[PDB]
Amino acid sequence: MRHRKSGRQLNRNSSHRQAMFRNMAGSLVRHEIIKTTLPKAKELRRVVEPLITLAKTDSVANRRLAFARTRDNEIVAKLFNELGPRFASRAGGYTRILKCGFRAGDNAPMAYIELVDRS
Amino acid sequence: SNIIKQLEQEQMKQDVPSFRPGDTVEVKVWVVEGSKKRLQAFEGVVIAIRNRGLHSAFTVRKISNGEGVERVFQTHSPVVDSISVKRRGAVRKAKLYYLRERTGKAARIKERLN
Amino acid sequence: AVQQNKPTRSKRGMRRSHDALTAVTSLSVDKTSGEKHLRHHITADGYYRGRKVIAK
Amino acid sequence: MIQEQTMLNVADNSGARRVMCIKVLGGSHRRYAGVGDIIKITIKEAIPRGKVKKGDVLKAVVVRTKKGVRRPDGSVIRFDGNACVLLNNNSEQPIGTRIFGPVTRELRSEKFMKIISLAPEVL
Amino acid sequence: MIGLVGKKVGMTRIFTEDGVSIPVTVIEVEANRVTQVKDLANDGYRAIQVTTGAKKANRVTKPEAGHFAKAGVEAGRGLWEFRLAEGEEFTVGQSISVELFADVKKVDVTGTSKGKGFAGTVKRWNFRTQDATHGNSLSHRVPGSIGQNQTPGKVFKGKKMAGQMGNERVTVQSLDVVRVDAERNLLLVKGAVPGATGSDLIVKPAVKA
RNA sequence: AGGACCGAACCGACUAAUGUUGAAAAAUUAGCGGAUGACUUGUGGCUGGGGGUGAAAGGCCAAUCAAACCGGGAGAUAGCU
RNA sequence: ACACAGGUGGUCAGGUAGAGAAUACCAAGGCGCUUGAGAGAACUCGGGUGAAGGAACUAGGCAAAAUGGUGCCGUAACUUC
RNA sequence: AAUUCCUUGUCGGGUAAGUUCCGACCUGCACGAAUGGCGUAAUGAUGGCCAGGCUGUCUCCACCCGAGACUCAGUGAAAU
RNA sequence: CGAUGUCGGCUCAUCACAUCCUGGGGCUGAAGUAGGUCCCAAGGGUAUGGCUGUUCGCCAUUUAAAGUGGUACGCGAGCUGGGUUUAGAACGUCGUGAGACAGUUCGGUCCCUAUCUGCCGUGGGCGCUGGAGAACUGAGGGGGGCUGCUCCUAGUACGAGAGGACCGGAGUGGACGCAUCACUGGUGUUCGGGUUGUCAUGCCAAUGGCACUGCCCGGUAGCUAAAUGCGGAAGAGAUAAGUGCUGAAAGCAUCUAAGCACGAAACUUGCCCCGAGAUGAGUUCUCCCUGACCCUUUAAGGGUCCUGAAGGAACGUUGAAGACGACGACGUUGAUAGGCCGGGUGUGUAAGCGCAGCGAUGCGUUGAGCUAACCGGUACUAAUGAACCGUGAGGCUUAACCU
Ligand SMILES: [Mg+2]
Ligand SMILES: [Mg+2]
Ligand SMILES: [Mg+2]
Ligand SMILES: [Mg+2]
Ligand SMILES: [Mg+2]
Ligand SMILES: [Mg+2]
Ligand SMILES: [Mg+2]
Ligand SMILES: [Mg+2]
Ligand SMILES: [Mg+2]
Ligand SMILES: [Mg+2]
Ligand SMILES: [Mg+2]
Ligand SMILES: [Mg+2]
Ligand SMILES: [Mg+2]
Ligand SMILES: [Mg+2]
Ligand SMILES: [Mg+2]
Ligand SMILES: [Mg+2]
Ligand SMILES: [Mg+2]
Ligand SMILES: [Mg+2]
Ligand SMILES: [Mg+2]
Ligand SMILES: [Mg+2]
Ligand SMILES: [Mg+2]
Ligand SMILES: [Mg+2]
Ligand SMILES: [Mg+2]
Ligand SMILES: [Mg+2]
Ligand SMILES: [Mg+2]
Ligand SMILES: [Mg+2]
Ligand SMILES: [Mg+2]
Ligand SMILES: [Mg+2]
Ligand SMILES: [Mg+2]
Ligand SMILES: [Mg+2]
Ligand SMILES: [Mg+2]
Ligand SMILES: [Mg+2]
Ligand SMILES: [Mg+2]
Ligand SMILES: [Mg+2]
Ligand SMILES: [Mg+2]
Ligand SMILES: [Mg+2]
Ligand SMILES: [Mg+2]
Ligand SMILES: [Mg+2]
Ligand SMILES: [Mg+2]
Ligand SMILES: [Mg+2]
Ligand SMILES: [Mg+2]
Ligand SMILES: [Mg+2]
Ligand SMILES: [Mg+2]
Ligand SMILES: [Mg+2]
Ligand SMILES: [Mg+2]
Ligand SMILES: [Mg+2]
Ligand SMILES: [Mg+2]
Ligand SMILES: [Mg+2]
Ligand SMILES: [Mg+2]
């Protein structure tokens with residue numbers, strides 16, 4: 001059973017699931033919007049927003065933690081430089097998901113996940 | 001929750017001394033037999049602590065008569081009359097389960113300063 | 001594991017009596033786009049509840 | 001928590017060093033016997049000269065178990081081994097004169113007052 | 001035997017002054033007031049119906065709203081029926097407090113248990129697994145045999161096999177009432193109640209003992 | 001120096017599991033034995049069926065062997081379904 | 001018979017760890033193996049852990065579990081030495 | 001006893017229990033000396049028994065990690 | 001014999017009583033405990049290991065008991081293959097010999113994706129006569145019905161003694177089934193750390209990837225048993241064997257021909273669950289729909305404009321619910337999910353700095369840092385203004401009833 005559990009397997013092992021989500025977050029931060037399946041994006045809004053609320057405060061320890069979590073110095077620098085002050089006045093909810101039809105390749109529910117301040 | 005963590009706090013004892021795993025602890029337990037009740041003492045090294053408010057407990061192990069004895073005293077149980085600390089030990093971990101492997105001059109702990 | 005008597009076309013039809021497809025109950029129309037879109041989804045242009053969300 | 005084919009130590013000066021539990025008494029299909037329960041056992045290794053010899057079959061009382069016994073407050077007293085005290089198969093009384101190591105107070109009935117008195121320490 | 005209804009807050013322990021840790025169950029009980037009183041003539045059976053709380057303000061349908069308005073009480077959750085004993089009757093306006101269970105010793109509770117989904121025979125009916133080695137192939141937790149050869153050539157009704165366990169109504173009887181808090185509207189039992197935290201349970205005076 | 005020892009390529013298949021209209025008309029994974037010699041392998045040739053060869057199992061002779069395959073007598077014969 | 005978890009002879013043989021063509025991660029270099037997206041029921045396959053007992057299971061220690069390397073000390077009956 | 005029907009022949013060991021095993025008794029249905037009789041160090045993916053460690057083999061199963069099984073979209077057999 | 005898998009073992013059961021225990025009674029060579037036999041009674045239960053392929057059997061220890069049978073000597077489209085019963089080889093015997101011996105010995109492919117019936121769950125359609133939201137009554141069906149040990153009655157009755165009660169209560173127990181994590185722990189490859197080899201971040205530091213989660217130590221939520229709560233009727237009715245009261249036939253006598261009365265874990269209730277497809281389709285509470293025309297085949301007829309109410313359906317966030325279906329709670333007049341704040345809980349004094357030490361390392365910052373699923377809140381994000389199904393007064397006869 002699954003009483004009061006959390007975390008979607010997405011038919012992948014832990015290493016595969018984390019390595020995919022790392023690149024997903026690294027592309028989402030650098031493009032401010034991406035398109036992916038809704039179940040796979042519902043975990044992005046749980047794996048990226050804590051990173052944003054961590055980058056809200058600039059510190060050596062926080063920056064090294066972000067580097068250990070994302071494995072991209074450019075991504076960490078862009079996070080801390082831009083998304084910190086931009087979302088510093090907002091208490092959560094840094095991502096928005098909008099469903100757009102279904103993919104023709106697999107007939108999968110797909111959505112654009114973006115930042116609240118894309119424009 | 002406003003009912004649980006209001007009933008589980010009305011009968012808590014606000015006198016538990018601060019202690020850490022690896023510190024020798026003496027516990028006074030009420031033992032009742034017949035018509036009267038005495039206060040027995042159990043002195044040993046604390047190896048594990050599980051604190052959840054009223055559901056708090058701690059495990060104490062002592063080498064008594066050559067055979068190790070481990071008890072699990074509930075922190076807020078009325079039988080546990082008093083808790084005292086007689087020594088302090090410097091241990092990296094918080095769960096001392098490797099002590100069950102060593103005997104003699106190998107299961108002993110260093111002294112924690114200050 | 002296998003059949004002993006060949007079934008009817010009636011049995012096949014009664015088995016297929018439940019796999020019939022269904023359509024959308026009622027398509028929604030955007031407030032300031034005038035086009036029909038699936039409910040709680042965005043339009044093919046990029047509009048959703050008035051304000052456009054995907055400007056190309 | 002003692003069952004068949006379980007190796008236990010002996011906690012009296014009877015000469016037995018290693019015994020094996022071979023039956024659990026107290027009802028049909030009984031699986032595990034706690035502290036203060038009677039179990040039939042056989043001798044596997046004994047002192048060269050003593051009150052008992054190897055290969056005997058006799059009853060015993062469980063005095064210690066690694067699983068332990070839960071107090072009515074949630075406290076459990078856990079030991080580092082399984083030990084028993086030999087008894088006569090008819091009189092149900094201890095054979096040895098001394099008791100080795102600490103004991104619990106679960107066996108504090110009329111049938112084990114001698115064991116309680118002879119125990120160096122009662123928990 | 002006028003039982004009441006409440007919400008399970010959970011379970012905890014009580015430390016008695018003589019050194020006993022009694023596992024008790026915290027059950028939130030509000031004033032189950034009334035919706036209808038069915039008499040001996042209109043419905044035959046003599047019973048009452050109760051509701052507690054409001055539950056919402058814009059999700060009660062017109063029939064339920066009119067039913068509540070006829071009685072004169074506010075909205076609430078699902079209605080609960082209780083067959084009333086001979087010699088006692090209650091007014092529509094009058095409510096039922098938790099004070100009624102002050103002079104009772106043991107009660108019985110009823111509620112929907114946790115749902116385990118479609119469980120196997122080893123869990124739903126507690127069968128015994130087979131050997132995992134010595135030659136066994138693809139038959140470890142299967143029930144194995146269900147009938148006999150050609151007589152009766154069929155499986156009997158009520159056979160214990162894989163199915164959906166849990167999520168059903170279960171009653172636990174003879175639980176000792178250790179505390180009845182009137183000002184806080186709370187009741188405590190000896191534990192082992194069915195369901196989960198925040199579920200809905202129905203308690204009543206014990207009929208077994 | 002050993003028809004030596006442990007152990008890789010290489011040769012083989014002793015156990016278990018999977019597989020049995022399978023990835024495969026004998027295979028895969030985890031284990032296994034020999035592994036400087038009576039070893040293994042590439043190329044070319046000879047041994048042709050009542051015969052060949054066989055450290056010998058009635059084993060192999062092109063997925064077929066107590067008598068290989070193809071064509072003929074031959075629509076052999078069948079008191080048998 | 002397949003765009004088949006099978007077989008096929010030789011040549012060149014990098015760094016660190018490592019006795020080693022054993023094994024781990026990498027270089028030059030090549031691939032993601034021609035269906036995916038969901039949920040995380042029972043049961044199947046490949047595995048991890050587990051309170052107490054430790055072969056009591058079984059036809060059978062089958063499977064599983066366990067040891068496992070270097071230097072030194074030290075090593076019994078028997079024996080063709 | 002790779003050989004014995006009576007046989008689970010009798011005795012002693014091993015366990016509480018041992019139709020298996022070990023050493024003897026010799027009543028050899030129906031051992032026996034190159035179709036070889038008895039031993040034999042080493043050797044054996046050879047048969048049987050026992051002992052120490054070890055563990056879900058088991059009392060008694062419980063949870064977890066992946067691939068199927070369940071749903072959706074595309075393609076799409078079979079024995080009978 | 002155009003194919004019905006045979007011994008034994010594991011899982012799963014069902015039925016019968018010629019009843020192993022419990023329950024009731026009669027006769028006893030039944031003083032009491034404890035026995036023998038018979039009758040009624042199938043509600044429940046009915047062991048673990050060594051030997052050998054076991055069935056059977058011997059032995060060891062328990063239990064109140066370790067019952068006999070039918071169901072292809074139950075169950076291989078649930079499983080193995082230890083035996084028999086193929087192909088190799090030997091032993092002893094048989095025969096000159098090829099080869100045989102319910103004689104032995106070592107080894108020796110158990111294949112099937114469920115069409116229908118059978119059973120466990122869970123849905124779609126329609127019915128129940130206007131359409132709805134609820135509570136149920138209960139025709140009926142299903143689940144449990146085990147019993148040991150001590151104390152008082154007591155060393156009382158009985159018995160010369162030895163020994164030792166029936167009846168009635170109380171406590172503690174074992175095997176079951178139900179329900180939970182308040183405690184004990186297991187798991188918890190999604191939480192925190194220790195550590196080896198290698199690669200990379202221009203390099204130290206700090207990290208990430210792989211090597212079974214690399215190997216490990218603990219551990220949140222959830223699930224779990226080994227953990228803790230509950231139950232095996234108390235009682236009522238009619239009763240089986242069997243006791244009787246009043247009683248004639250048959251002046252007596254007799255439990256029976258009338259009548260009356262006691263009498264089992266057997267039966268129905270009493271305990272729990274499902275349950276109006278109970279088509280015999282049921283009751284109560286609250287709601288909603290109160291416009292006009294036209295047509296022929298003049299009737300439970302059809303069509304047009306308006307109307308579209310109660311409610312339902314659909315979609316989105318989701319769940320202690322769940323294979324998919326299905327069932328909770330919410331959709332701005334809101335805490336339903338995500339994020340955030342604070343706390344709790346786990347791991348363990350985070351990096352960065354300064355010191356001390358040649359160095360490996362320790363110290364202060366600092367019980368710090370991090371913290372998945374936990375708890376109180378917070379509309380910050382996502383739950384849309386709509387639109388879609390559902391009607392507009394609900395047939396005939398008769399009955400009581402007010403006009
Ligand atoms: Mg959740
Ligand atoms: Mg998939
Ligand atoms: Mg279909
Ligand atoms: Mg298997
Ligand atoms: Mg197979
Ligand atoms: Mg069958
Ligand atoms: Mg060799
Ligand atoms: Mg070798
Ligand atoms: Mg080579
Ligand atoms: Mg090899
Ligand atoms: Mg191999
Ligand atoms: Mg020839
Ligand atoms: Mg061939
Ligand atoms: Mg050919
Ligand atoms: Mg021809
Ligand atoms: Mg001719
Ligand atoms: Mg012909
Ligand atoms: Mg002929
Ligand atoms: Mg002829
Ligand atoms: Mg391919
Ligand atoms: Mg290939
Ligand atoms: Mg090379
Ligand atoms: Mg390699
Ligand atoms: Mg590599
Ligand atoms: Mg772990
Ligand atoms: Mg274990
Ligand atoms: Mg012999
Ligand atoms: Mg010979
Ligand atoms: Mg060899
Ligand atoms: Mg499909
Ligand atoms: Mg057939
Ligand atoms: Mg036939
Ligand atoms: Mg009878
Ligand atoms: Mg009887
Ligand atoms: Mg009789
Ligand atoms: Mg042969
Ligand atoms: Mg075999
Ligand atoms: Mg085989
Ligand atoms: Mg059929
Ligand atoms: Mg019993
Ligand atoms: Mg837990
Ligand atoms: Mg724990
Ligand atoms: Mg970790
Ligand atoms: Mg580098
Ligand atoms: Mg009678
Ligand atoms: Mg009954
Ligand atoms: Mg803390
Ligand atoms: Mg540090
Ligand atoms: Mg926190």
# chains A, B, ... in the order shown; residues from 1 in each chain; ligands from 1

$ residues_around --residues "residue C:30" --least-positions-apart "3" --cutoff "7 Å" --atoms "only C-alpha atoms (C1' of nucleotides)" --output "PyMOL selection string"
chain C and resi 33-36+48-50

$ residues_near_ligand --ligand "ligand 13" --cutoff "7 Å" --atoms "only C-alpha atoms (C1' of nucleotides) and all ligand atoms" --output "list in words"
residues 62, 63 and 64 of chain F

$ write_last_selection --atoms "N, CA and C atoms (P, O5', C5', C4', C3', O3' and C1' of nucleotides)" --output "PDB file, in the first residue's frame"
ATOM      1  P     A F  62      25.127 -37.005 -42.105  1.00  0.00           P
ATOM      2  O5'   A F  62      24.778 -35.482 -41.799  1.00  0.00           O
ATOM      3  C5'   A F  62      24.686 -35.005 -40.460  1.00  0.00           C
ATOM      4  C4'   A F  62      24.630 -33.497 -40.398  1.00  0.00           C
ATOM      5  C3'   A F  62      23.554 -32.844 -41.265  1.00  0.00           C
ATOM      6  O3'   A F  62      23.077 -31.665 -40.617  1.00  0.00           O
ATOM      7  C1'   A F  62      25.682 -32.067 -41.931  1.00  0.00           C
ATOM      8  P     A F  63      21.536 -31.551 -40.178  1.00  0.00           P
ATOM      9  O5'   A F  63      21.586 -30.728 -38.816  1.00  0.00           O
ATOM     10  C5'   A F  63      22.179 -31.285 -37.647  1.00  0.00           C
ATOM     11  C4'   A F  63      21.191 -31.386 -36.511  1.00  0.00           C
ATOM     12  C3'   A F  63      20.006 -32.317 -36.758  1.00  0.00           C
ATOM     13  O3'   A F  63      19.623 -32.935 -35.530  1.00  0.00           O
ATOM     14  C1'   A F  63      19.219 -30.119 -36.373  1.00  0.00           C
ATOM     15  P     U F  64      20.121 -34.424 -35.187  1.00  0.00           P
ATOM     16  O5'   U F  64      19.294 -35.348 -36.188  1.00  0.00           O
ATOM     17  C5'   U F  64      17.905 -35.568 -35.991  1.00  0.00           C
ATOM     18  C4'   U F  64      17.358 -36.592 -36.954  1.00  0.00           C
ATOM     19  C3'   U F  64      18.112 -37.908 -37.036  1.00  0.00           C
ATOM     20  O3'   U F  64      17.802 -38.789 -35.971  1.00  0.00           O
ATOM     21  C1'   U F  64      17.600 -37.142 -39.217  1.00  0.00           C
TER      22        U F  64
END

$ residues_near_ligand --ligand "ligand 17" --cutoff "10 Å" --atoms "only C-alpha atoms (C1' of nucleotides) and all ligand atoms" --output "list in words"
residues 74, 75, 76, 77 and 78 of chain F

$ write_last_selection --atoms "N, CA, C and O atoms (P, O5', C5', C4', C3', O3' and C1' of nucleotides)" --output "PDB file, in the first residue's frame"
ATOM      1  P     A F  74       6.867 -51.799 -59.503  1.00  0.00           P
ATOM      2  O5'   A F  74       6.765 -50.229 -59.245  1.00  0.00           O
ATOM      3  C5'   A F  74       5.534 -49.626 -58.852  1.00  0.00           C
ATOM      4  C4'   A F  74       5.738 -48.553 -57.805  1.00  0.00           C
ATOM      5  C3'   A F  74       6.865 -47.563 -58.098  1.00  0.00           C
ATOM      6  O3'   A F  74       6.560 -46.273 -57.554  1.00  0.00           O
ATOM      7  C1'   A F  74       7.315 -48.693 -56.077  1.00  0.00           C
ATOM      8  P     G F  75       5.105 -45.602 -57.704  1.00  0.00           P
ATOM      9  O5'   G F  75       4.319 -46.138 -56.426  1.00  0.00           O
ATOM     10  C5'   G F  75       3.088 -45.554 -56.014  1.00  0.00           C
ATOM     11  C4'   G F  75       2.144 -46.602 -55.481  1.00  0.00           C
ATOM     12  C3'   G F  75       2.525 -48.034 -55.834  1.00  0.00           C
ATOM     13  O3'   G F  75       2.072 -48.918 -54.807  1.00  0.00           O
ATOM     14  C1'   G F  75       0.451 -47.497 -56.842  1.00  0.00           C
ATOM     15  P     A F  76       3.013 -49.256 -53.547  1.00  0.00           P
ATOM     16  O5'   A F  76       4.244 -50.046 -54.178  1.00  0.00           O
ATOM     17  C5'   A F  76       4.042 -51.161 -55.035  1.00  0.00           C
ATOM     18  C4'   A F  76       4.564 -52.435 -54.423  1.00  0.00           C
ATOM     19  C3'   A F  76       3.634 -53.128 -53.440  1.00  0.00           C
ATOM     20  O3'   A F  76       2.656 -53.919 -54.090  1.00  0.00           O
ATOM     21  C1'   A F  76       5.823 -53.028 -52.539  1.00  0.00           C
ATOM     22  P     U F  77       1.117 -53.847 -53.636  1.00  0.00           P
ATOM     23  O5'   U F  77       1.100 -54.575 -52.221  1.00  0.00           O
ATOM     24  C5'   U F  77       1.534 -55.921 -52.088  1.00  0.00           C
ATOM     25  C4'   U F  77       1.780 -56.273 -50.644  1.00  0.00           C
ATOM     26  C3'   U F  77       0.661 -55.912 -49.679  1.00  0.00           C
ATOM     27  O3'   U F  77      -0.385 -56.867 -49.669  1.00  0.00           O
ATOM     28  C1'   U F  77       2.723 -55.178 -48.796  1.00  0.00           C
ATOM     29  P     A F  78      -1.917 -56.384 -49.690  1.00  0.00           P
ATOM     30  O5'   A F  78      -2.190 -55.926 -48.190  1.00  0.00           O
ATOM     31  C5'   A F  78      -1.984 -56.821 -47.108  1.00  0.00           C
ATOM     32  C4'   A F  78      -2.092 -56.115 -45.782  1.00  0.00           C
ATOM     33  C3'   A F  78      -3.307 -55.219 -45.604  1.00  0.00           C
ATOM     34  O3'   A F  78      -4.476 -55.937 -45.253  1.00  0.00           O
ATOM     35  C1'   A F  78      -1.366 -54.073 -44.891  1.00  0.00           C
TER      36        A F  78
END

$ interface_residues --of "chain H" --to "chain D" --cutoff "12 Å" --atoms "only C-alpha atoms (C1' of nucleotides)" --output "PDB file with N, CA, C and O atoms (P, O5', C5', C4', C3', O3' and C1' of nucleotides), in the first residue's frame"
ATOM      1  P     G H  14      27.285 -42.452  23.019  1.00  0.00           P
ATOM      2  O5'   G H  14      26.951 -41.415  21.861  1.00  0.00           O
ATOM      3  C5'   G H  14      27.983 -40.690  21.209  1.00  0.00           C
ATOM      4  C4'   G H  14      27.535 -40.226  19.848  1.00  0.00           C
ATOM      5  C3'   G H  14      26.116 -39.680  19.781  1.00  0.00           C
ATOM      6  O3'   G H  14      26.035 -38.317  20.167  1.00  0.00           O
ATOM      7  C1'   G H  14      26.437 -41.253  18.046  1.00  0.00           C
ATOM      8  P     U H  15      25.563 -37.908  21.650  1.00  0.00           P
ATOM      9  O5'   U H  15      23.999 -37.661  21.507  1.00  0.00           O
ATOM     10  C5'   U H  15      23.497 -36.409  21.067  1.00  0.00           C
ATOM     11  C4'   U H  15      22.086 -36.535  20.553  1.00  0.00           C
ATOM     12  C3'   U H  15      21.069 -37.120  21.520  1.00  0.00           C
ATOM     13  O3'   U H  15      20.592 -36.186  22.476  1.00  0.00           O
ATOM     14  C1'   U H  15      20.842 -38.165  19.416  1.00  0.00           C
ATOM     15  P     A H  16      20.380 -36.628  24.010  1.00  0.00           P
ATOM     16  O5'   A H  16      19.149 -37.638  23.954  1.00  0.00           O
ATOM     17  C5'   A H  16      18.564 -38.184  25.132  1.00  0.00           C
ATOM     18  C4'   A H  16      17.265 -38.871  24.793  1.00  0.00           C
ATOM     19  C3'   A H  16      17.261 -39.528  23.418  1.00  0.00           C
ATOM     20  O3'   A H  16      17.645 -40.889  23.485  1.00  0.00           O
ATOM     21  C1'   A H  16      15.462 -37.995  23.562  1.00  0.00           C
ATOM     22  P     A H  17      18.444 -41.574  22.274  1.00  0.00           P
ATOM     23  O5'   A H  17      17.317 -41.833  21.179  1.00  0.00           O
ATOM     24  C5'   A H  17      16.153 -42.579  21.505  1.00  0.00           C
ATOM     25  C4'   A H  17      15.024 -42.304  20.544  1.00  0.00           C
ATOM     26  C3'   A H  17      15.330 -42.550  19.079  1.00  0.00           C
ATOM     27  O3'   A H  17      15.228 -43.918  18.732  1.00  0.00           O
ATOM     28  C1'   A H  17      14.225 -40.471  19.322  1.00  0.00           C
ATOM     29  P     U H  59       7.336 -22.314   8.487  1.00  0.00           P
ATOM     30  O5'   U H  59       7.140 -22.750  10.006  1.00  0.00           O
ATOM     31  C5'   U H  59       6.224 -22.063  10.846  1.00  0.00           C
ATOM     32  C4'   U H  59       6.678 -22.067  12.284  1.00  0.00           C
ATOM     33  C3'   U H  59       6.279 -20.851  13.108  1.00  0.00           C
ATOM     34  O3'   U H  59       4.965 -20.950  13.631  1.00  0.00           O
ATOM     35  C1'   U H  59       8.581 -21.320  13.435  1.00  0.00           C
ATOM     36  P     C H  60       3.705 -20.389  12.804  1.00  0.00           P
ATOM     37  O5'   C H  60       4.305 -19.209  11.921  1.00  0.00           O
ATOM     38  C5'   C H  60       3.460 -18.426  11.084  1.00  0.00           C
ATOM     39  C4'   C H  60       4.249 -17.567  10.124  1.00  0.00           C
ATOM     40  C3'   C H  60       5.274 -18.313   9.271  1.00  0.00           C
ATOM     41  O3'   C H  60       5.386 -17.668   8.003  1.00  0.00           O
ATOM     42  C1'   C H  60       6.372 -16.674  10.561  1.00  0.00           C
TER      43        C H  60
END

$ residues_near_ligand --ligand "ligand 1" --cutoff "10 Å" --atoms "only C-alpha atoms (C1' of nucleotides) and all ligand atoms" --output "PDB file with C-alpha atoms (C1' of nucleotides), in the first residue's frame"
ATOM      1  CA  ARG A   2       0.856   3.716  -0.052  1.00  0.00           C
ATOM      2  CA  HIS A   3      -0.723   5.282   3.071  1.00  0.00           C
ATOM      3  CA  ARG A   4       0.568   8.841   3.539  1.00  0.00           C
ATOM      4  CA  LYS A   5       3.626   8.350   1.323  1.00  0.00           C
ATOM      5  CA  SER A   6       5.215  10.842  -1.088  1.00  0.00           C
ATOM      6  CA  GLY A   7       7.583  10.857  -4.037  1.00  0.00           C
TER       7      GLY A   7
ATOM      8  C1'   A I 221       5.914   9.219   8.195  1.00  0.00           C
ATOM      9  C1'   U I 318      -6.184  15.665  -4.255  1.00  0.00           C
ATOM     10  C1'   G I 319      -7.037  11.830  -0.204  1.00  0.00           C
ATOM     11  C1'   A I 320      -6.030   7.653   5.838  1.00  0.00           C
ATOM     12  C1'   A I 337      -2.639  19.684  -3.086  1.00  0.00           C
ATOM     13  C1'   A I 373       6.330  11.364   4.121  1.00  0.00           C
TER      14        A I 373
END
